[PDB]
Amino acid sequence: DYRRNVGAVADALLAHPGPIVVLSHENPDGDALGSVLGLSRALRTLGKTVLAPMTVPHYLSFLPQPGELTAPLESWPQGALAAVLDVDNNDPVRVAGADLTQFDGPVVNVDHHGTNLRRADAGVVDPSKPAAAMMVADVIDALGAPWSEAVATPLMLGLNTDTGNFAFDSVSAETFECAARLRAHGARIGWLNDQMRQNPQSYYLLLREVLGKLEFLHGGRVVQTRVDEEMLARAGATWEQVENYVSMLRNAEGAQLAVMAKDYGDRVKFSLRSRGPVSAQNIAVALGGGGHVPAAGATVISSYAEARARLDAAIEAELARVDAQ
């Protein structure tokens, strides 16, 4: 069925005579941007007219060339087809650059999220692939293989970012084979990573702050850090940059729990990473929230001291969880 559906997506794209609007999810990541650019370039080499509305984050701005990605679409072009990647088309609120609730043309979808409703004129959803870019590569082969370096490179970038440079346990042998194909097509791995290593002054100044509120507590097995808007003002950064430090704190030794705490002032908004025989969703269901399986995310509308005490009690609760299991 994977093969048959990759084929149906590609056939629908090949058969479409009008413009093709290529879309991904709001706040696009490397997989989103990379899948949209790879598919867009492949379709343009075949002579398709493509619109790709997307707001490029700065750390990814080296990749698009002028006029490849546009501002959000005012209105849908006549005879358009929508190719939605790395997100569910049945979730318009999460699809950025065009409003799918105002469109009635054919819709095609390529996604690797298990939450997908699996409803489109032609679609392929495969949670066992760790990046939509892998799936888009298979579509491009099914389109007639319009390969070039310009197509391969953005797809390799999305393979990279969605697997954390081939570090996550989602990486299968098939993931590596796809990277081998992409490299043979010309993907510029060295250039990609020289570009992805660049960091703004904001990053360093904010990481000086983030580390300023760091403590190795619980006798040595839990780490905790904290960020306020003054710290953001002194670093010259934004709140969407604090989401690059909880990963580094999970990496601490002799520890089990790495807690980030965003302190807007009138509420605390947590990100609680962990590792080992400790779960971080038995603290996100012990003070409320949502997420994925090992992740977390809980908002306490109190001030700073109180929310942290609530969190510490929930952590001793996961501690009894460990003492029991």
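All residue numbers refer to positions in the sequence shown, first residue = 1.
Stretches 31-39 and 291-299 differ in mean C-alpha B factor, with the higher average recorded for 291-299. On average the C-alpha atoms of 221-229 have higher B-factors than those of the other stretch, with 100-108 and 221-229 being the two compared. Note on 203, 147, 216, 166: the highest value goes to 216, judged by CA B factor as recorded.
Per-chain ranking of the deposited C-alpha B factor places residue 310 in the highest third. When the CA B factors of the chain's modelled residues are split into thirds, the value for residue 45 lands in the lowest one. Residue 239 sits in the highest third of its chain by CA B factor, as recorded in the PDB entry. Residue 258: CA B factor in the highest third of modelled residues in this chain (values from the PDB entry). Among the modelled residues of its chain, residue 56 has a C-alpha B-factor that falls in the middle third according to the deposited record.
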